[PDB]
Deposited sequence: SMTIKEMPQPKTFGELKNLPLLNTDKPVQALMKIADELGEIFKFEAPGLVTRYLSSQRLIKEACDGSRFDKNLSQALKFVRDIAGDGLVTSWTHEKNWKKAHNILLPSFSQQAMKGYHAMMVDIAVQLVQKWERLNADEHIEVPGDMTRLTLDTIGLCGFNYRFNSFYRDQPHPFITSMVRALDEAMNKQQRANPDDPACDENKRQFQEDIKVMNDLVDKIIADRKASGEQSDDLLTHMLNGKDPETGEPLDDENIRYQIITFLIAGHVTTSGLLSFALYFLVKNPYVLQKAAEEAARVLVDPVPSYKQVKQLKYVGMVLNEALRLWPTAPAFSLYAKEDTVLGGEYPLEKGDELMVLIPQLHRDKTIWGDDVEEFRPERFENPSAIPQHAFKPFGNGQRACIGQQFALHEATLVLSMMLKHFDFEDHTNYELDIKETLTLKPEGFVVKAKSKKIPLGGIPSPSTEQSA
């Protein structure tokens, strides 16, 4: 079959179609017009965007396709080097770091993180309880305060003390500015032009801020006992080679986990809360479960595992707006996709996750409605229909960490407050390689239930 491709602009090809602040949303509109697959070309790129479970199920076969670094991820390598996210599967440090850090995400490790996650969630609850009547909540801002602090405490035993700052943490400011530069570089066809020197200086300045914090984390540990993510990074030896991670890689892993370990979870919590105030029937049902299960002043690990409906609300927020909205793959050998599209070895594919999650063949005709009930029987969902955490061996290492923290936090919010969408907030999705509802604000009225 002849592959569909959107509008071309001479030698620029499809590049001007992504001349927007919201490229993922622009690609979803192209997908709606062209269907399950389209070719996308730009000066130094050729990729194919996949939107149907039918084709994605084939692309998710590990024997035929491996993780590829998209131009977006290639730009993030300047920040996260060969850390777990921005490394090729064949690079020595991928398997080495994967095997050394995987034990940090075990059930035993999770049970150990719980108390520190509760520490940060209590801080969020107390901030909101202490607001004056007129005051509102800047939701993404406060979700970022919680998620960054959780990964800092659980993973590195370092307190960012984000709730003791009225503006975002300086690490957040530099990170956002750096990731925005990396997303913009995709539309910058002539990067060596002297006119780009100012962006290059700023990019370098933001990377320094991030690295100064990594240095403080490292210094804190050697002066400080602990068996966390940082412990495994410094002392773990690869079972295959018998050697530990080098100093250069350890630094890349810290930056990686500080970014990956919070941005996506912050976006999820903000989206989940957005959908809850927009669907009051669902809020009531989730708040009912929170009150029924969280019978103690603080949630226990066991209680979080019983919050079924809260988990369904989180999956349904990840269905509509997967906060890491795309992942890239490459053909390991010459193959034919869906028995219609021949691919040569090395040919790139892009999985457009928000489109996959809108496939009417899988979900029904009500794809745009927020219905947690879709995840009541998770066995009924076909394989590779729901992919918020990626695929195969390169899937999210922090999936369980993220869902445990988001479940715990959302349930404590629903137990302690009643929420009001006082401005009738219109959804505005900001893209910075990840998604978030920009400008999302609420008013929270305390149910006056104490903590512990």
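Worksheet entry | Deposited residues without C-alpha coordinates, grouped into stretches that follow sequence order | Missing CA coords at 1-4, 229-230, 459-469.
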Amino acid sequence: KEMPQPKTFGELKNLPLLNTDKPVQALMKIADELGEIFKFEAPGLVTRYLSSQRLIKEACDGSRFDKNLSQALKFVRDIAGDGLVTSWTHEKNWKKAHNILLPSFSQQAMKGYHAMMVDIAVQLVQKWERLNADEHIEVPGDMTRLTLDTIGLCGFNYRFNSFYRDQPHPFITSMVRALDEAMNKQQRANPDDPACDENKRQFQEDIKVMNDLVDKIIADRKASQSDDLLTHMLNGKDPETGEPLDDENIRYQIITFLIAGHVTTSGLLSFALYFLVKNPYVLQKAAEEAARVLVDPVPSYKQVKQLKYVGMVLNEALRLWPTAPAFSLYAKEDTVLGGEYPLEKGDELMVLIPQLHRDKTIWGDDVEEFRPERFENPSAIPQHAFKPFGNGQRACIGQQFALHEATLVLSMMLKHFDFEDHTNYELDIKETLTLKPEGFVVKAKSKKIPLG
From here on, numbers count along this sequence of modelled residues.
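Worksheet entry | Between 237-245 and 333-341 (mean CA B-factor, as deposited), the higher | On average, C-alpha B-factors are higher across 237-245.
Worksheet item: Do the C-alpha atoms of 47-55 or of 60-68 have the higher average B factor in the entry?
Response: Of 47-55 and 60-68, the stretch with the higher C-alpha B-factor average is 60-68.
Worksheet item: According to the deposited entry, which of 140, 280, 152, 297 has the largest Cα B-factor?
Response: That would be 297.
Item to complete: Report the option among 372, 354, 261, 364 whose CA atom has the maximum B-factor in the deposited record.
Response: The C-alpha B-factor peaks, among 372, 354, 261, 364, at 364.
Discussion item. Sorting by Cα B-factor within the chain, modelled residues only, which third would residue 426 end up in: lowest, middle or highest?
Written reply: For residue 426, whose C-alpha B-factor we compare with every modelled residue in the chain, the answer is the middle third.
Worksheet item: Going by the entry, which third of its chain does the Cα temperature factor of residue 23 land in?
Response: Its C-alpha B-factor, which the entry lists for residue 23, ranks in the middle third among residues of this chain.
Worksheet item: Comparing residue 437 with the other modelled residues of its chain, is its CA B-factor in the lowest, middle or highest third?
Response: CA B-factor rank for residue 437: lowest third.
Worksheet item: Hey, what third does residue 169 fall into on Cα B-factor, ranked over its chain?
Response: Its C-alpha B-factor, which the entry lists for residue 169, ranks in the middle third among residues of this chain.
Fill in: Ranked C-alpha temperature factor of residue 383 among modelled chain residues, by third
Its C-alpha B-factor, which the entry lists for residue 383, ranks in the highest third among residues of this chain.
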